[PDB]
Amino acid sequence: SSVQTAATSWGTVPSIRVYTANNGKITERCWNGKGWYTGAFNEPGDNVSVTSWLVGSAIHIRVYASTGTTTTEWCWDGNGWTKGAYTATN
Amino acid sequence: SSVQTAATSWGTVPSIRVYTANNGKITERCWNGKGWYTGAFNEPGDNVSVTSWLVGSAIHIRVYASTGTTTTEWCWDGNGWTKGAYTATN
Amino acid sequence: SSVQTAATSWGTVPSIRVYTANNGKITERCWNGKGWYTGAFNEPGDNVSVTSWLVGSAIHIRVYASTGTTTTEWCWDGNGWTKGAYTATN
Ligand SMILES: OC[C@@]1(O)OC[C@@H](O)[C@@H](O)[C@@H]1O
Ligand SMILES: OC[C@@]1(O)OC[C@@H](O)[C@@H](O)[C@@H]1O
Ligand SMILES: OC[C@@]1(O)OC[C@@H](O)[C@@H](O)[C@@H]1O
């Protein structure tokens, strides 16, 4: 029942995103330099990891959400969260 | 009872920090290019994530320590660990 | 029994590595811009974290694999995975 988190950051301000898996739901809190706020990410899962990279000033984020033995990748590329092509055999 | 870790690194040497949550306590091991040693970070929690960024040559670290459903952010900005402004409703 | 993941990425394409701890075994899935494939990393553990850094164009990866209270570091420096010098007292 205890929460599990993952975190990523970019830039120098910086921007931070913290993902929390709690009771089967993953949610997102965001910092862009002045106050924490709730992000758009809402996906099911009991376990989360994240990585991100910049292309110029454009951030790209990949969140790996797992339920049971099944991992789904979620992608932020500037215009909403979409399901990514990641697969694994678990 | 099994330990859970989080890791971050910066630079090219590199510097590495590995955080271990074990039996409700989070501790830190450090590498700055020649030998592992114990860091100053000691905070309670059963779950840990971390992110870091450089501003010039100055490292900034954020550790997200969770106990139950409560997440506390700890901040390294060059002069000791301090509690950060992160909040979430879990 | 549920899987736990860790992820790292580098570059702008980017390269991504996702490590999955499942039933005591850690495995690796890789993206280098066009298709996911299975990486060379295979090590025991119930918990995984990862960090990576570039020296020029050369990637270096450290995977922290934990079983029980024992953490082993695995190193990629361009020519196969090797056990690293990390130790901790847990
Ligand atoms: O500014 C917040 C936001 O747009 O940042 C990018 C992603 O983290 C989104 O989920 C999030 O809502
Ligand atoms: O050189 C070690 C150290 O000062 O590095 C910065 C932080 O990781 C501290 O907790 C740690 O003790
Ligand atoms: O191209 C894939 C690969 O060589 O990339 C570097 C490491 O992630 C290896 O485990 C992996 O097999």
Side-chain angles (χ1 to χ4, degrees), chain A residues 6-11 13 15-19 26-43 50 52 58-63 74-82, chain B residues 7-11 13 15-19 26-43 50 52 58-63 74-82, chain C residues 6-11 13 15-19 26-43 50 52 58-63 74-82:
Chain A
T8 193
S9 62
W10 62 93
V13 166
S15 294
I16 310 170
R17 302 294 183 271
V18 179
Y19 300 86
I26 302 161
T27 53
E28 176 191 45
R29 292 284 280 171
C30 315
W31 173 268
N32 276 342
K34 190 165 163 60
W36 287 92
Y37 62 99
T38 298
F41 186 90
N42 296 91
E43 299 299 346
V50 63
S52 66
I59 188 64
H60 299 269
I61 313 168
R62 299 294 181 269
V63 173
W74 295 102
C75 308
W76 177 270
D77 297 292
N79 57 356
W81 290 96
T82 64
Chain B
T8 193
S9 62
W10 62 93
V13 166
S15 294
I16 310 170
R17 302 294 183 271
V18 179
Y19 300 86
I26 302 161
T27 53
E28 176 191 45
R29 292 284 280 171
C30 315
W31 173 268
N32 276 342
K34 190 165 163 60
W36 287 92
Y37 62 99
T38 298
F41 186 90
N42 296 91
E43 299 299 346
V50 63
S52 66
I59 188 64
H60 299 269
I61 313 168
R62 299 294 181 269
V63 173
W74 295 102
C75 308
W76 177 270
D77 297 292
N79 57 356
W81 290 96
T82 64
Chain C
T8 193
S9 62
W10 62 93
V13 166
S15 294
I16 310 170
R17 302 294 183 271
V18 179
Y19 300 86
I26 302 161
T27 53
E28 176 191 45
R29 292 284 280 171
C30 315
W31 173 268
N32 276 342
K34 190 165 163 60
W36 287 92
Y37 62 99
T38 298
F41 186 90
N42 296 91
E43 299 299 346
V50 63
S52 66
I59 188 64
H60 299 269
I61 313 168
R62 299 294 181 269
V63 173
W74 295 102
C75 308
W76 177 270
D77 297 292
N79 57 356
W81 290 96
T82 64

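A note on names: the letters A, B, ... follow the listed sequences, proteins ahead of strands, and every chain is numbered from 1. Counting convention: from 1, in listed order, for ligands and their atoms alike. Scope of the values below: all heavy atoms of this structure, side chains included, with no hydrogens, waters or symmetry mates.
- Using a 4.5 Å heavy-atom cutoff, the side chains of B:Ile26 and B:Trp74 are not in contact.
- Listed by chain and residue number, nothing satisfies the side chain to side chain donor-acceptor pair (under 3.5 Å) test with A:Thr27 (two or more places apart in sequence, or in another chain).
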Checklist entry - Is there a side-chain contact (heavy atoms from CB on, under 4.5 Å) between C:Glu28 and C:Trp76 once you walk through the steps? => result CA-CA 13 Å; C:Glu28 176 191 45; C:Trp76 177 270; over 6 Å; no
What side-chain donor-acceptor pairs closer than 3.5 Å can you find for residues 33-43 of chain C, not counting sequence neighbours?
| from | atom 1 | to | atom 2 | distance (Å) |
| --- | --- | --- | --- | --- |
| C:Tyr37 | OH | C:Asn32 | ND2 | 2.8 |
| C:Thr38 | OG1 | C:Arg29 | NH1 | 3.0 |

Show me the short polar-atom pairs for ligand 3: any N or O of it lying under 3.5 Å from a protein N or O, with distances only.
| from | atom 1 | to | atom 2 | distance (Å) |
| --- | --- | --- | --- | --- |
| ligand 3 | 1 (O) | C:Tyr37 | OH | 2.6 |
| ligand 3 | 5 (O) | C:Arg17 | NE | 3.3 |
| ligand 3 | 5 (O) | C:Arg17 | NH2 | 2.9 |
| ligand 3 | 8 (O) | C:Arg17 | NE | 2.9 |
| ligand 3 | 8 (O) | C:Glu28 | OE2 | 2.7 |
| ligand 3 | 10 (O) | C:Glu28 | OE1 | 2.6 |
| ligand 3 | 10 (O) | C:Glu28 | OE2 | 3.3 |
| ligand 3 | 10 (O) | C:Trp81 | NE1 | 2.8 |
| ligand 3 | 12 (O) | C:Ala40 | N | 3.0 |

Item to check | Worked verdict on A:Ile16 versus B:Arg62 for side-chain contact (heavy atoms from CB on, under 4.5 Å) | outcome: CA-CA 9 Å; A:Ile16 310 170; B:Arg62 299 294 181 269; 4.2 Å; yes
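- Listed by chain and residue number, C:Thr51 satisfy the side chain to side chain donor-acceptor pair (under 3.5 Å) test with B:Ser9 (two or more places apart in sequence, or in another chain).
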